[PDB]
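Participant: Please find the sequence and an experimentally derived structure below.
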Number of protein chains: 6
Amino acid sequence: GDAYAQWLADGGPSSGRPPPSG
Amino acid sequence: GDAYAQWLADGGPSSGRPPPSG
Amino acid sequence: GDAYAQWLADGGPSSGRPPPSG
Amino acid sequence: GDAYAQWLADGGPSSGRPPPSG
Amino acid sequence: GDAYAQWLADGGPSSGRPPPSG
Amino acid sequence: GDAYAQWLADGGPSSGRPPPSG
């Protein structure tokens, strides 16, 4: 869940990284 | 994760749709 | 604000409608 | 804005509370 | 998912609470 | 409105950025 928050912050899909499970 | 991102973008619970798991 | 919630629900920018003030 | 995000999360127009300014 | 949206709105990782499952 | 939409998409207050007005 915290990894997922960071992934959103970084642009979500457009971050180019997989959505994390945490 | 991807689907959830879009749901959030659309206002989450305000969207009128249940949260997806992806 | 409620118009803006609906605009999110409808896809936000991709709705093709202006973001409302309410 | 911050309040408005929480108001969305709480159900937005359907929540029984008005949209916030912040 | 719904809880998670509110947790984001409340500050996410910085909020002092853990990410929700719902 | 547009800028705010993106901020929301990025986790709102969880993004670490203040809410924009547009």
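Facilitator: Ah, there it is. Numbering: from 1, shown residues only, chains lettered A, B, ... in the order given.

Participant: For the rest of this, base every contact and every neighbour count on C-alpha atoms.
Facilitator: Fine.

Participant: Can you tell me which residue is spatially central in chain A?
Facilitator: residue A:7 (1.8 Å; C-alpha atoms, centre = their mean).

Participant: So that residue: helix, strand or coil?
Facilitator: Here residue A:7 takes the helix state, with states given by DSSP: H, G, I helix; E, B strand; the rest coil.

Participant: Which residues does stretch A:14-22 contact?
Facilitator: Identification of contacts with stretch A:14-22 by C-alpha atoms under 8 Å, 6 or more residues apart in numbering or on different chains yields A:1-4, A:7, A:12-13, B:1-2.

Participant: do that again at 7 Å, thanks
Facilitator: Contacts to stretch A:14-22, defined as C-alpha atoms under 7 Å, 6 or more residues apart in numbering or on different chains, come from residues A:1-4, A:7, B:1-2.

Participant: Just flag the most distant two among those.
Facilitator: Looking at those by C-alpha to C-alpha, the two members farthest from one another are A:2 and B:2, with 15.6 Å of separation.

Participant: In JSON lines, list the contacts of stretch A:14-22 along with secondary structure and distance to residue F:19.
Facilitator: As requested, the contacts of stretch A:14-22 are arranged in JSON lines below (DSSP: H, G, I helix; E, B strand; the rest coil; distance: C-alpha to C-alpha, whole Å):
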{"residue": "A:1", "secondary structure": "coil", "distance to residue F:19": "22"}
{"residue": "A:2", "secondary structure": "helix", "distance to residue F:19": "20"}
{"residue": "A:3", "secondary structure": "helix", "distance to residue F:19": "21"}
{"residue": "A:4", "secondary structure": "helix", "distance to residue F:19": "20"}
{"residue": "A:7", "secondary structure": "helix", "distance to residue F:19": "18"}
{"residue": "B:1", "secondary structure": "coil", "distance to residue F:19": "23"}
{"residue": "B:2", "secondary structure": "helix", "distance to residue F:19": "23"}
